[PDB]
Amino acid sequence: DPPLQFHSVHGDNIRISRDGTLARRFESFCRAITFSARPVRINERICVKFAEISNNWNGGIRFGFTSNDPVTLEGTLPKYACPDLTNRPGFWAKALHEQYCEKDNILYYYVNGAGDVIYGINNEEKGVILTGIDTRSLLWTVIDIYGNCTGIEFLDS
């Protein structure tokens, strides 16, 4: 439907912009978990821009999907998507290589009918990063704003 926004259920170290399109890890190095405000479609491309980078932290963001309505998760969020959420049923996420986490890159990803998650950077496919996603339930993005990237923007095309 409408352009993707961040869910109001998020980590303690996250601030979301007024229009809901920009999530920042405002302090520290963890508790940086975020979700999409609405479920996403199979084959819908999620496009995220690395809007802000800190030179004081290293590492890549973690991204993927959850079959859990983020409202059901409030007061329940751990420090990390990996391993902490991924250990629970209905979360699929992996780290993005830190070489891709540079200012103004666009990460795109989607889950296909087969339940595989394909990703790329600046419109160049990198491949399948995740497999076995439950395509029979509603899915929300999970993006853990970990590492040198401290601000990410959902892009509207």
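From 1 onward, residues are counted along the sequence shown.
- Higher mean CA temperature factor, per the PDB entry, when comparing 122-130 with 29-37: 122-130.
- In this entry, 132-140 shows the higher mean Cα temperature factor of the pair 5-13 and 132-140.
- Residue 66 sits in the lowest third of its chain by CA B factor, as recorded in the PDB entry.
- Per-chain ranking of the deposited C-alpha B factor places residue 48 in the lowest third.
- For residue 107, the recorded CA B-factor ranks within the lowest third of the chain. Only modelled residues enter the ranking.
- Sorting the modelled residues of the chain by their CA temperature factor places residue 114 in the highest third.
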